[PDB]
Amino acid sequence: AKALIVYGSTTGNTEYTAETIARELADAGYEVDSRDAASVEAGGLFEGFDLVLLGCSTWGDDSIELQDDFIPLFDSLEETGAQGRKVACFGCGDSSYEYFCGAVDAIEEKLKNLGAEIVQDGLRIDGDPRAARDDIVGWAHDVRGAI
């Protein structure tokens, strides 16, 4: 399996999360490409992968705002080759906000409309992901077992 992990992270939390998932798929024998959203170009980005994992933190407080580097990508999602692709989403947030990881929910909804296949319910981390490392390892294992 070739897996691509694309993340948006402003304070490094979602990035730490992505690195952790990368390592677990890599340890498992997958070939893993991990890229910060700041640096990708959307056209045909998902072509050639068996699994695509998209990570993004939630901002805005009063409304949902995706992490900044991720916006350009989200906007161009239909140009990715997501139709019929196996995907799963993850993200960091804080449950004291009214839309707790709303970024995850928007990205899943859009992926569904494009015809991607969501292989597992998204990983929504509340707080410091270093305190939820077992939950992240756990999710990475359930995704592998679903493709």
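The first residue of the sequence shown is number 1, and the count goes up from there.
Chemist: If you average the Cα B factors in the entry, which is higher, 82 to 90 or 102 to 110?
Modeler: Looking at the recorded C-alpha B-factors, 82 to 90 comes out higher on average.
Chemist: Do the CA atoms of 43 to 51 or those of 65 to 73 have the higher mean B-factor in the entry?
Modeler: Looking at the recorded C-alpha B-factors, 43 to 51 comes out higher on average.
Chemist: Comparing recorded Cα B-factors across 28, 38, 32, 56, which one is largest?
Modeler: 38 has the highest C-alpha B-factor of those listed.
Chemist: Among all modelled residues of this chain, ranked by Cα B factor, put residue 24 in the bottom, middle or top third, i.e. lowest, middle or highest.
Modeler: Tercile = middle for this residue's CA B-factor.
Chemist: Taking the C-alpha B-factors as the PDB entry records them, is residue 3 in the lowest, middle or highest third of its chain?
Modeler: For residue 3, the deposited C-alpha B-factor lands in the middle third.
Chemist: Report the third (lowest, middle or highest) to which the CA temperature factor of residue 135 belongs, ranking only the modelled residues of the same chain.
Modeler: Ranked within chain, residue 135 CA B lands in the middle tercile.
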